[PDB]
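In the form deposited in one PDB entry, a lone chain appears below as structure tokens.
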């Protein structure tokens, strides 16, 4: 059983009835980053020892998989550094024999995500990519195509990492984010507000932002980032199914709507609160949204939907108070006025000593990290253009 956060450790040592999640993810991880994250999801188990997430890892290099932990070799899909090469190999025209590549994929997909009775055991797909790579980013474009060709039995969610500072990795990331933004706009004019979107959301993480948080607190920066990112997603999946409130309960259906309907960019703040004061509460909430693992200068006022919950002790006098539920409403209100959009904010109960406040904004436009990333990007391909002058 994989337990890669204090929150998950507590939960499983206290609750022995963790037998269900809010939304049944099917995790596909592509490229080394993607595989490594998928590998973690694969490790999660219910209280009764069953796997939580059916998980495939996909790659072109078999060296980016031979050292995985929780993914059976059978579930390591292999095909015998430019995003084009991935897409190209899966085109009826561009590659001659791309017929026996689509097929392998579609087969293994049915193998891992369908019943015997040809049903589907998953609610949405969670695809993991370190945008910037060749295998990874390439798979980003590939997925967007497959979604048009209605290849997937249900909606797709993308978990995407943004590169630190390699000018090539930056290019790939930008063309992908660009291609994503362009899918999202098309999706917006093809489907209504109420409608279930084929691309449910995209969750981004900034490597620069993440490395920074990590050095603040031997230790591997990506191993730590991965644990935080993945555990958070798992936690927000676990909690609404396994923890209720006497006041306001964020239940699974609420989360499902939030992850399924907005159809654009999504972000999460996880804030630990032990300091039970209105001030330091406000502060760690703000910290988690602006300088947390999921932050990338998001455009908060473009959010069409919100959600989240503060997980608190059984006698948390504080999280009962009007001003508490008022200060929270106001702190969040600074990012997006809450009376404007759909959502719900819970306050579930748990056996713990501290609390944790989870915050989610969905349906946002392109994060501004795109801009500050590009600025970097252009100002580099010029520097090459010049150094290309010399000789």
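Residue numbers count along the first chain shown, from 1. Each form is matched to the other, and the largest set of C-alpha atoms that superpose within 1.5 Å is called the rigid core.
Heads up, the form deposited in another entry isn't pictured, but that's what we're talking about next.
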When the rigid core of both forms is overlaid, which of 283, 95, 145, 164 is the one whose C-alpha moves 2 angstroms or more between the shown form and the other one? 95
After superposing the rigid core, is the C-alpha displacement of residue 383 2 Å or more between the shown form and the other one? yes
Quick one: core overlaid, is residue 339 moving 2 Å or more at the Cα between the shown form and the other one? no
So with the core overlaid, does the Cα of residue 48 end up 2 Å or more away between the shown form and the other one? no
